[PDB]
There are 2 protein chains.
Amino acid sequence: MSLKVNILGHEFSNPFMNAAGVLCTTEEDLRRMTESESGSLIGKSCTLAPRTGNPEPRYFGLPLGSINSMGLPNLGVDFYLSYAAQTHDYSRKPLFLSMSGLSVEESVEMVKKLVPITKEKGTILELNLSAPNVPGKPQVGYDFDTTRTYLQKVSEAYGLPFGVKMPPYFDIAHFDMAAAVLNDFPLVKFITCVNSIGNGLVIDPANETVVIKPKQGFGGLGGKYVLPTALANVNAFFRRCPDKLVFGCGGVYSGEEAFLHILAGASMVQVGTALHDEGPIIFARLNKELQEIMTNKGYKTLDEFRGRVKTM
Amino acid sequence: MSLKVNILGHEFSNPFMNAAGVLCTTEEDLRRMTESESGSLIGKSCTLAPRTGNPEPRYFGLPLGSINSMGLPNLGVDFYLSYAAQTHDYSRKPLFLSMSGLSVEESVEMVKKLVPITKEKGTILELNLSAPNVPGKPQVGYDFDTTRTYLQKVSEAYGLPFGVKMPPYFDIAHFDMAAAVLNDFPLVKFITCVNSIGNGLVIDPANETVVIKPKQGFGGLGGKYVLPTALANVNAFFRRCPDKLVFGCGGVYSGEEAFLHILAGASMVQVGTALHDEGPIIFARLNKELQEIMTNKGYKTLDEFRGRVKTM
Ligand SMILES: Cc1cc2c(cc1C)N(C[C@H](O)[C@H](O)[C@H](O)COP(=O)(O)O)c1[nH]c(=O)[nH]c(=O)c1N2
Ligand SMILES: Cc1cc2c(cc1C)N(C[C@H](O)[C@H](O)[C@H](O)COP(=O)(O)O)c1[nH]c(=O)[nH]c(=O)c1N2
Ligand SMILES: O=C(O)c1cc(=O)[nH]c(=O)[nH]1
């Protein structure tokens, strides 16, 4: 009754990891993910130099999910490389790093340093082309000319299999255009769909005020607001990019929702808002709920239903 | 104590109307909207020739809203033009017509036909630039050069103040570019934010099957899913297009969501998924629920709080 995932030469005990930026900024945070029942983990979307991020308040838990304008608070690339080279326990689970250079020049600089650590430890790169909360910096995934420039430059520079965190698309034409770009880059081996539904706004009727400080209350949305969007993006790139893997991210609160992600195409399944609400104990119950579902449906591996959602 | 809205030279008895697509396709639909307590109504987004729309099933109610790929079912432009000129009762309330020609050429011909009915009767145009459910037709709203052409050409052929139904944007640079375009066209008097979050995917875990037939199950999302997005968009255009009104659309089930929309800058508040659920008696309930909120807060009119959302 296997939850195992076998990708890029690595063995994963189950399909579940943290969403980049939830429980992964500090050494303490990464330790707790390692010690959880998650199949893998990913470090914070990091920058060349350390950042403190946006001013406070910048996070608000919502009845149907979360809004945030974090602003890439991170200990800089040298801290996470160090964690990846010296500290992390690989015999426990593989490690993804997320990198979110604010310019292609910056991203080139950071991936060049990761090359020898990937070689020795097999650390996996997820390149972030979303990042919706940095004031003044637009999401790269929404500019297909600039996306091409990043993939080009990171491909040449990194010279090894990597992945990409994509912003949500909401138009068939966009799915097609994103696809035509990604498929010109054979080193892009996986696509994470999706990041926060960007630039939403929550207002408190009681004091008639926005609930976060940065960018006049505008922040990225997560949780139940995003499942339909996430499922669609995973499925759309599963069909359009068959030489690549899809990782699902968005709206995972339970095993049911993990199951729908896999059904739409997902190899690995990331958890953000639910993980932030419940703590890493969630992984233990996500593993048991997905097993229950597969047991009831008579599925022995993830592979006999991955991508096999039925249409009418 | 008053809910009156004074815009476009017109008096509206309240700010509430139907969203385009909902209870507005047939003569009975439009009579019922007209006999409702709604401040206004809008006809179904029409085309030059009649359409029966996508194959069934094409609408699926959800706990947190709705998913749909209706496909612009409509009795053709001539039907709605005839309704506006001969049937509708303008003493009861003003009328909008939504027009969604599928090419600039189709739209131009349609808008010309309205000119003499607007002049005679005062019928208002909402140019629809976000039809996400017609197979193989991208949402115009997401192409700014295409959007420009539509607005140029409708400005030339129509030559009277009109409005636009926008798709939701999720990037600040997209808000900037949308507004730069809109601000070159002074005949554009109002911006309706927002249309459905396009191309979501719902899968029923029981049968592993999508819940809608068209486009492999991909459809637009209404209801609770959309409220954060609707508010942000409303407020973003409110700030960036100060010489235009903003109309609010998305996630409105009650007095409170109506209050939020207005607070973020909305003049009129359109109601979709909730009106589908409840039928036209929801307009009576929204009038009452909004008056309660205003009474409790000490407000006598909408102008006390419209656009007065507070930041930190
Ligand atoms: C507090 C917090 C912080 C971050 C995020 C989210 C939240 C809630 N997200 C987005 C996250 O990775 C995920 O894609 C979304 O939250 C959607 O997943 P859920 O719906 O929340 O499960 C995020 N994504 C990313 O690529 N890098 C990051 O540094 C962050 N930071
Ligand atoms: C059945 C149905 C049909 C349509 C729609 C919706 C639904 C549910 N919508 C979108 C609608 O106008 C509105 O923008 C969204 O539904 C968001 O509002 P709610 O959250 O649903 O209130 C829509 N919009 C539009 O401009 N013209 C249309 O013909 C339609 N058709
Ligand atoms: O008729 C439809 O399918 C339709 C039109 C539109 O503008 N938006 C939507 O969600 N559906």
# chains A, B, ... in the order shown; residues from 1 in each chain; ligands from 1
$ interface_residues --of "chain B" --to "chain A" --cutoff "6 Å" --atoms "only C-alpha atoms" --output "PyMOL selection string"
chain B and resi 138+170+173+198-202+208-210+213+216+225+228-229+231-232+309-312
$ write_last_selection --atoms "N, CA, C and O atoms" --output "PDB file, in the first residue's frame"
ATOM      1  N   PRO B 138      -9.179  33.562 -26.090  1.00  0.00           N
ATOM      2  CA  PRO B 138      -8.592  34.243 -24.937  1.00  0.00           C
ATOM      3  C   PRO B 138      -9.397  35.443 -24.424  1.00  0.00           C
ATOM      4  O   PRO B 138     -10.083  36.114 -25.198  1.00  0.00           O
ATOM      5  N   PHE B 170      -3.830  40.092 -10.944  1.00  0.00           N
ATOM      6  CA  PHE B 170      -3.207  39.505  -9.769  1.00  0.00           C
ATOM      7  C   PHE B 170      -1.780  40.021  -9.617  1.00  0.00           C
ATOM      8  O   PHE B 170      -1.083  39.577  -8.702  1.00  0.00           O
ATOM      9  N   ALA B 173       1.930  45.290 -11.628  1.00  0.00           N
ATOM     10  CA  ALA B 173       2.300  45.756 -12.963  1.00  0.00           C
ATOM     11  C   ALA B 173       1.146  45.570 -13.956  1.00  0.00           C
ATOM     12  O   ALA B 173       1.042  46.321 -14.921  1.00  0.00           O
ATOM     13  N   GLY B 198     -10.984  32.841 -13.999  1.00  0.00           N
ATOM     14  CA  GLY B 198     -11.133  31.975 -15.161  1.00  0.00           C
ATOM     15  C   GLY B 198     -10.389  30.654 -14.979  1.00  0.00           C
ATOM     16  O   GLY B 198      -9.334  30.660 -14.364  1.00  0.00           O
ATOM     17  N   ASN B 199     -10.968  29.552 -15.499  1.00  0.00           N
ATOM     18  CA  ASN B 199     -10.259  28.320 -15.815  1.00  0.00           C
ATOM     19  C   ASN B 199      -9.771  27.645 -14.533  1.00  0.00           C
ATOM     20  O   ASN B 199      -8.588  27.263 -14.426  1.00  0.00           O
ATOM     21  N   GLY B 200     -10.702  27.548 -13.577  1.00  0.00           N
ATOM     22  CA  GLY B 200     -10.572  26.690 -12.411  1.00  0.00           C
ATOM     23  C   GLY B 200     -11.016  25.272 -12.762  1.00  0.00           C
ATOM     24  O   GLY B 200     -11.672  25.083 -13.779  1.00  0.00           O
ATOM     25  N   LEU B 201     -10.646  24.297 -11.924  1.00  0.00           N
ATOM     26  CA  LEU B 201     -10.927  22.884 -12.155  1.00  0.00           C
ATOM     27  C   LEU B 201     -11.410  22.270 -10.845  1.00  0.00           C
ATOM     28  O   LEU B 201     -10.703  22.319  -9.844  1.00  0.00           O
ATOM     29  N   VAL B 202     -12.614  21.689 -10.870  1.00  0.00           N
ATOM     30  CA  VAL B 202     -13.181  20.957  -9.749  1.00  0.00           C
ATOM     31  C   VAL B 202     -13.279  19.481 -10.142  1.00  0.00           C
ATOM     32  O   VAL B 202     -13.716  19.165 -11.237  1.00  0.00           O
ATOM     33  N   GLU B 208     -13.694  10.442  -9.421  1.00  0.00           N
ATOM     34  CA  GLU B 208     -12.439  10.822 -10.075  1.00  0.00           C
ATOM     35  C   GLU B 208     -12.696  11.612 -11.374  1.00  0.00           C
ATOM     36  O   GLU B 208     -11.870  11.599 -12.299  1.00  0.00           O
ATOM     37  N   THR B 209     -13.841  12.306 -11.437  1.00  0.00           N
ATOM     38  CA  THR B 209     -14.330  12.933 -12.664  1.00  0.00           C
ATOM     39  C   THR B 209     -14.553  14.430 -12.425  1.00  0.00           C
ATOM     40  O   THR B 209     -15.024  14.847 -11.375  1.00  0.00           O
ATOM     41  N   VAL B 210     -14.255  15.241 -13.440  1.00  0.00           N
ATOM     42  CA  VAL B 210     -14.543  16.669 -13.402  1.00  0.00           C
ATOM     43  C   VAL B 210     -16.062  16.880 -13.365  1.00  0.00           C
ATOM     44  O   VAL B 210     -16.804  16.017 -13.812  1.00  0.00           O
ATOM     45  N   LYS B 213     -18.715  19.522 -18.218  1.00  0.00           N
ATOM     46  CA  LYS B 213     -18.400  18.854 -19.478  1.00  0.00           C
ATOM     47  C   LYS B 213     -17.410  19.642 -20.353  1.00  0.00           C
ATOM     48  O   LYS B 213     -16.471  19.053 -20.887  1.00  0.00           O
ATOM     49  N   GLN B 216     -12.577  20.200 -20.907  1.00  0.00           N
ATOM     50  CA  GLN B 216     -11.971  19.223 -20.013  1.00  0.00           C
ATOM     51  C   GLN B 216     -12.219  19.582 -18.549  1.00  0.00           C
ATOM     52  O   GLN B 216     -11.360  19.300 -17.704  1.00  0.00           O
ATOM     53  N   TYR B 225     -14.972  32.367  -3.243  1.00  0.00           N
ATOM     54  CA  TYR B 225     -13.618  32.204  -3.747  1.00  0.00           C
ATOM     55  C   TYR B 225     -13.012  33.534  -4.178  1.00  0.00           C
ATOM     56  O   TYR B 225     -11.789  33.700  -4.093  1.00  0.00           O
ATOM     57  N   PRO B 228     -11.727  38.359  -1.893  1.00  0.00           N
ATOM     58  CA  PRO B 228     -10.442  39.045  -1.762  1.00  0.00           C
ATOM     59  C   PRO B 228      -9.929  39.653  -3.069  1.00  0.00           C
ATOM     60  O   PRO B 228      -9.421  40.775  -3.031  1.00  0.00           O
ATOM     61  N   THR B 229     -10.099  38.936  -4.194  1.00  0.00           N
ATOM     62  CA  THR B 229      -9.639  39.360  -5.514  1.00  0.00           C
ATOM     63  C   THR B 229     -10.464  40.541  -6.030  1.00  0.00           C
ATOM     64  O   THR B 229      -9.906  41.484  -6.596  1.00  0.00           O
ATOM     65  N   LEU B 231     -12.189  42.740  -4.215  1.00  0.00           N
ATOM     66  CA  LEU B 231     -11.949  43.922  -3.400  1.00  0.00           C
ATOM     67  C   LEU B 231     -10.690  44.648  -3.856  1.00  0.00           C
ATOM     68  O   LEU B 231     -10.727  45.861  -4.035  1.00  0.00           O
ATOM     69  N   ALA B 232      -9.587  43.904  -3.998  1.00  0.00           N
ATOM     70  CA  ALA B 232      -8.288  44.425  -4.422  1.00  0.00           C
ATOM     71  C   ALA B 232      -8.398  45.136  -5.758  1.00  0.00           C
ATOM     72  O   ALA B 232      -7.896  46.238  -5.906  1.00  0.00           O
ATOM     73  N   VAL B 309     -11.987  53.212   2.853  1.00  0.00           N
ATOM     74  CA  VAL B 309     -11.177  52.145   3.440  1.00  0.00           C
ATOM     75  C   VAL B 309      -9.905  52.788   4.003  1.00  0.00           C
ATOM     76  O   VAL B 309      -9.393  53.735   3.406  1.00  0.00           O
ATOM     77  N   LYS B 310      -9.437  52.302   5.167  1.00  0.00           N
ATOM     78  CA  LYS B 310      -8.271  52.841   5.863  1.00  0.00           C
ATOM     79  C   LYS B 310      -7.088  51.886   5.714  1.00  0.00           C
ATOM     80  O   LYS B 310      -7.286  50.681   5.859  1.00  0.00           O
ATOM     81  N   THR B 311      -5.874  52.430   5.495  1.00  0.00           N
ATOM     82  CA  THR B 311      -4.618  51.674   5.548  1.00  0.00           C
ATOM     83  C   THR B 311      -3.760  52.110   6.754  1.00  0.00           C
ATOM     84  O   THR B 311      -4.124  53.066   7.445  1.00  0.00           O
ATOM     85  N   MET B 312      -2.597  51.446   6.968  1.00  0.00           N
ATOM     86  CA  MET B 312      -1.763  51.587   8.163  1.00  0.00           C
ATOM     87  C   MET B 312      -0.336  52.075   7.818  1.00  0.00           C
ATOM     88  O   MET B 312      -0.040  52.272   6.621  1.00  0.00           O
TER      89      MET B 312
END
$ select_by_dssp --residues "region 196-279 of chain A" --states "alpha helix (DSSP H)" --output "short mmCIF file (atom, residue, chain, number, x, y, z; two decimals) with N, CA and C atoms, in the first residue's frame"
data_model
loop_
_atom_site.label_atom_id
_atom_site.label_comp_id
_atom_site.auth_asym_id
_atom_site.auth_seq_id
_atom_site.Cartn_x
_atom_site.Cartn_y
_atom_site.Cartn_z
N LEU A 227 -7.66 26.05 -4.22
CA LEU A 227 -7.66 24.67 -4.69
C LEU A 227 -8.02 24.59 -6.18
N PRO A 228 -9.19 25.10 -6.63
CA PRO A 228 -9.61 25.02 -8.02
C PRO A 228 -8.55 25.54 -9.00
N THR A 229 -7.88 26.62 -8.64
CA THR A 229 -6.84 27.22 -9.46
C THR A 229 -5.63 26.30 -9.53
N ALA A 230 -5.21 25.79 -8.36
CA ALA A 230 -4.07 24.90 -8.27
C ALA A 230 -4.29 23.64 -9.09
N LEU A 231 -5.46 23.02 -8.94
CA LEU A 231 -5.78 21.78 -9.64
C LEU A 231 -5.68 22.00 -11.15
N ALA A 232 -6.24 23.13 -11.61
CA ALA A 232 -6.31 23.42 -13.03
C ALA A 232 -4.90 23.60 -13.58
N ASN A 233 -4.05 24.33 -12.86
CA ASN A 233 -2.69 24.62 -13.32
C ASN A 233 -1.87 23.33 -13.40
N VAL A 234 -1.95 22.48 -12.36
CA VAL A 234 -1.25 21.21 -12.32
C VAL A 234 -1.65 20.37 -13.53
N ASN A 235 -2.96 20.27 -13.78
CA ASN A 235 -3.52 19.44 -14.84
C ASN A 235 -3.16 19.96 -16.22
N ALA A 236 -3.16 21.28 -16.36
CA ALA A 236 -2.94 21.94 -17.64
C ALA A 236 -1.48 21.76 -18.08
N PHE A 237 -0.53 21.80 -17.12
CA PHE A 237 0.89 21.66 -17.43
C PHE A 237 1.29 20.18 -17.44
N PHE A 238 0.44 19.33 -16.85
CA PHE A 238 0.67 17.89 -16.91
C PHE A 238 0.49 17.44 -18.35
N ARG A 239 -0.53 17.99 -19.03
CA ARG A 239 -0.85 17.60 -20.40
C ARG A 239 0.09 18.29 -21.38
N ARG A 240 0.46 19.55 -21.11
CA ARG A 240 1.24 20.38 -22.04
C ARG A 240 2.75 20.17 -21.90
N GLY A 255 -6.21 14.69 3.17
CA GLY A 255 -5.80 13.64 2.26
C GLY A 255 -6.62 13.63 0.98
N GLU A 256 -7.91 13.96 1.10
CA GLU A 256 -8.81 14.10 -0.03
C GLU A 256 -8.21 15.06 -1.07
N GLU A 257 -7.79 16.25 -0.64
CA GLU A 257 -7.25 17.31 -1.49
C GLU A 257 -5.88 16.93 -2.08
N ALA A 258 -5.07 16.17 -1.33
CA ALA A 258 -3.84 15.60 -1.84
C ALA A 258 -4.15 14.64 -2.98
N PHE A 259 -5.26 13.90 -2.84
CA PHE A 259 -5.63 12.84 -3.76
C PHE A 259 -6.04 13.49 -5.08
N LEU A 260 -6.79 14.60 -5.01
CA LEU A 260 -7.25 15.35 -6.18
C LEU A 260 -6.05 15.92 -6.93
N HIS A 261 -5.06 16.45 -6.20
CA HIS A 261 -3.82 16.95 -6.78
C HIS A 261 -3.13 15.85 -7.58
N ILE A 262 -2.95 14.66 -6.99
CA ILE A 262 -2.24 13.57 -7.66
C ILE A 262 -3.02 13.16 -8.91
N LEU A 263 -4.34 13.08 -8.77
CA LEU A 263 -5.28 12.72 -9.82
C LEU A 263 -5.15 13.67 -11.01
N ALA A 264 -4.99 14.97 -10.74
CA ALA A 264 -4.78 15.98 -11.77
C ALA A 264 -3.35 15.97 -12.34
N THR A 273 -0.63 27.06 3.96
CA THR A 273 -1.56 27.60 4.95
C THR A 273 -1.94 26.57 6.03
N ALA A 274 -2.21 25.32 5.67
CA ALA A 274 -2.65 24.31 6.63
C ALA A 274 -1.51 23.98 7.61
N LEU A 275 -0.27 23.93 7.08
CA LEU A 275 0.94 23.66 7.82
C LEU A 275 1.17 24.78 8.82
N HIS A 276 0.97 26.04 8.38
CA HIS A 276 1.11 27.23 9.22
C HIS A 276 0.06 27.26 10.34
N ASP A 277 -1.15 26.74 10.08
CA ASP A 277 -2.24 26.64 11.06
C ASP A 277 -2.01 25.52 12.09
N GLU A 278 -1.58 24.33 11.64
CA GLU A 278 -1.58 23.11 12.46
C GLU A 278 -0.20 22.73 13.01
#
$ atom_distance --atom1 "CA of residue 269 (chain A)" --atom2 "atom 10 (C, counted along the ligand's line) of ligand 1"
13.1 Å
$ residues_near_ligand --ligand "ligand 3" --cutoff "10 Å" --atoms "only C-alpha atoms and all ligand atoms" --output "PyMOL selection string"
chain B and resi 19-22+44-46+51+53-54+58-59+66-74+98-100+127-135+139+165-167+194-199+219-222+272
$ residues_around --residues "residue 90 (chain B)" --least-positions-apart "3" --cutoff "12 Å" --atoms "only C-alpha atoms" --output "ChimeraX atom specification"
/B:10-12,31,34-35,39-41,83-87,93-96,118,120-124
$ write_last_selection --atoms "C-alpha atoms" --output "PDB file, in the first residue's frame"
ATOM      1  CA  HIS B  10     -29.061  58.792 -13.264  1.00  0.00           C
ATOM      2  CA  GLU B  11     -30.736  58.218  -9.867  1.00  0.00           C
ATOM      3  CA  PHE B  12     -30.495  54.609  -8.544  1.00  0.00           C
ATOM      4  CA  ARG B  31     -39.039  41.252 -15.957  1.00  0.00           C
ATOM      5  CA  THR B  34     -37.173  44.686 -13.051  1.00  0.00           C
ATOM      6  CA  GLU B  35     -39.888  43.708 -10.453  1.00  0.00           C
ATOM      7  CA  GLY B  39     -31.403  49.367  -7.940  1.00  0.00           C
ATOM      8  CA  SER B  40     -30.654  48.310 -11.555  1.00  0.00           C
ATOM      9  CA  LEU B  41     -30.297  45.345 -13.946  1.00  0.00           C
ATOM     10  CA  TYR B  83     -36.185  44.767 -24.936  1.00  0.00           C
ATOM     11  CA  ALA B  84     -34.447  48.087 -24.158  1.00  0.00           C
ATOM     12  CA  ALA B  85     -36.458  50.125 -26.707  1.00  0.00           C
ATOM     13  CA  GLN B  86     -39.983  48.670 -26.281  1.00  0.00           C
ATOM     14  CA  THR B  87     -40.363  46.397 -23.197  1.00  0.00           C
ATOM     15  CA  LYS B  93     -34.952  51.562 -12.775  1.00  0.00           C
ATOM     16  CA  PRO B  94     -32.146  52.129 -15.335  1.00  0.00           C
ATOM     17  CA  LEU B  95     -31.008  49.364 -17.708  1.00  0.00           C
ATOM     18  CA  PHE B  96     -27.510  48.215 -18.728  1.00  0.00           C
ATOM     19  CA  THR B 118     -29.205  55.104 -25.663  1.00  0.00           C
ATOM     20  CA  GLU B 120     -33.818  57.777 -27.022  1.00  0.00           C
ATOM     21  CA  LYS B 121     -33.966  55.841 -23.712  1.00  0.00           C
ATOM     22  CA  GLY B 122     -30.725  56.225 -21.704  1.00  0.00           C
ATOM     23  CA  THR B 123     -29.677  52.540 -21.896  1.00  0.00           C
ATOM     24  CA  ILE B 124     -26.061  52.074 -20.664  1.00  0.00           C
TER      25      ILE B 124
END
$ atom_distance --atom1 "atom 3 (C, counted along the ligand's line) of ligand 1" --atom2 "CA of residue 65 (chain B)"
26.0 Å
$ closest_residue --among "A:282, A:268, A:111, A:30" --to "residue 6 (chain A)" --atoms "only C-alpha atoms"
A:268
$ atom_distance --atom1 "CA of residue 266 (chain A)" --atom2 "atom 17 (C, counted along the ligand's line) of ligand 2"
28.6 Å
$ closest_residue --among "A:28, A:78, A:126, A:176" --to "ligand 1" --atoms "only C-alpha atoms and all ligand atoms"
A:126
$ residues_around --residues "residue 241 (chain A)" --least-positions-apart "4" --cutoff "9 Å" --atoms "only C-alpha atoms" --output "PyMOL selection string"
chain A and resi 179-180+182-183+236-237+245-246
$ closest_residue --among "A:164, A:147, A:3, A:55" --to "residue 289 (chain A)" --atoms "only C-alpha atoms"
A:3
$ residues_around --residues "residue 82 (chain A)" --least-positions-apart "5" --cutoff "12 Å" --atoms "only C-alpha atoms" --output "compact mmCIF listing (two decimals) with N, CA and C atoms, in the first residue's frame"
# COMPACT_ATOMS: atom_id res chain seq x y z
N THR A 26 14.53 29.48 9.36
CA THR A 26 15.61 29.34 10.35
C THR A 26 16.07 27.89 10.43
N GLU A 27 17.21 27.65 11.10
CA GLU A 27 17.72 26.30 11.31
C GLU A 27 16.76 25.47 12.16
N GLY A 43 13.68 24.79 1.72
CA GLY A 43 14.09 26.04 2.34
C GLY A 43 13.34 27.24 1.76
N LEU A 75 17.73 34.55 5.51
CA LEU A 75 19.05 34.67 6.12
C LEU A 75 20.16 34.73 5.06
N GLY A 76 19.77 34.90 3.79
CA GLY A 76 20.71 34.99 2.68
C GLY A 76 21.13 33.61 2.19
N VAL A 77 21.61 33.57 0.94
CA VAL A 77 21.94 32.32 0.27
C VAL A 77 23.00 31.53 1.06
N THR A 87 24.66 20.60 7.51
CA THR A 87 23.74 20.36 8.61
C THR A 87 22.67 19.31 8.29
N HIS A 88 22.06 19.37 7.09
CA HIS A 88 20.88 18.57 6.77
C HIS A 88 21.18 17.07 6.79
N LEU A 97 15.94 23.49 -2.13
CA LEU A 97 16.12 24.90 -1.84
C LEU A 97 15.28 25.69 -2.86
N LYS A 113 26.66 28.97 -6.94
CA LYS A 113 27.20 28.50 -5.67
C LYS A 113 26.60 27.15 -5.29
N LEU A 114 25.41 26.81 -5.82
CA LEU A 114 24.68 25.61 -5.41
C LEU A 114 25.19 24.37 -6.14
N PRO A 116 28.22 22.73 -6.70
CA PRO A 116 28.99 21.71 -5.98
C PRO A 116 28.26 21.01 -4.83
N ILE A 117 27.26 21.67 -4.24
CA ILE A 117 26.49 21.08 -3.15
C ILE A 117 25.42 20.12 -3.69
N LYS A 121 25.61 16.25 -2.57
CA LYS A 121 24.51 15.86 -1.69
C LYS A 121 23.24 15.57 -2.48
N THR A 123 21.23 18.08 -3.59
CA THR A 123 20.26 19.12 -3.23
C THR A 123 19.55 19.61 -4.49
$ residues_around --residues "region 154-156 of chain A" --least-positions-apart "2" --cutoff "9 Å" --atoms "only C-alpha atoms" --output "JSON, numbers by chain"
{"A": [104, 107, 108, 111, 112, 127, 149, 150, 151, 152, 158, 159, 160, 161, 162, 185, 186, 187, 188]}
$ residues_around --residues "residue 271 (chain B)" --least-positions-apart "3" --cutoff "8 Å" --atoms "only C-alpha atoms" --output "ChimeraX atom specification"
/B:16-19,249-253,274-275
$ closest_residue --among "A:52, A:38, A:25, A:301" --to "ligand 1" --atoms "only C-alpha atoms and all ligand atoms"
A:25
$ select_by_dssp --residues "region 60-284 of chain B" --states "strand (DSSP E or B)" --output "ChimeraX atom specification"
/B:60-62,65-68,74,95-99,124-128,162-165,188-193,197-201,203-204,209-210,218-223,245-249,266-271
$ closest_residue --among "A:177, A:290, A:193, A:157" --to "ligand 1" --atoms "only C-alpha atoms and all ligand atoms"
A:193
